[PDB]
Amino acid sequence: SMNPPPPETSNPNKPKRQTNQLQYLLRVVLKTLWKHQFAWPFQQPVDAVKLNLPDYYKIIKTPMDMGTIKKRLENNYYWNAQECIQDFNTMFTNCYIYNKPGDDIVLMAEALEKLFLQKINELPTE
């Protein structure tokens, strides 16, 4: 079995910015989810080899995880907050696509997503 290359976290020819919204996404949103008791399955790319999930990357073609998001934020990879919000939403959606309703992993994603929504509700104006 093989894992794919992880999502990129640096791309020198991609234009980058540091906005107050992106700062909030790191200092408030990511930090809140990262410290949560249910964060651990989401802190690095899914290791389909070790988890014995050979179909994971057959079903999930746009993988995303908080380790990737954290590095993107720390490296100022994004142009705007919407790009980063999309990454969080991709991460949650992938979990719901792959897994079964009520699975532990889905309950974990739901708990993190609730906090995400609470924090994004107060995203500052630019």
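In case it trips you up, residue 1 is the first one in the sequence shown, and so on. Basically, rigid core = biggest C-alpha set you can superpose within 1.5 Å across the two forms.
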RMS Cα shift after core superposition in 8 other deposited structures of this protein, winner of 11-19 and 103-111: 11-19
87-95 versus 74-82 - which carries the larger mean C-alpha B factor in the record: 74-82
Residue stretch of maximal mean CA temperature factor, 5-13 vs 107-115: 5-13
Chain third (lowest, middle, highest) by recorded CA B-factor, residue given as residue 64: lowest
Residue 41 - Cα temperature factor, lowest/middle/highest third of chain: lowest
Within-chain third of residue 53 by Cα B-factor, per the entry: highest
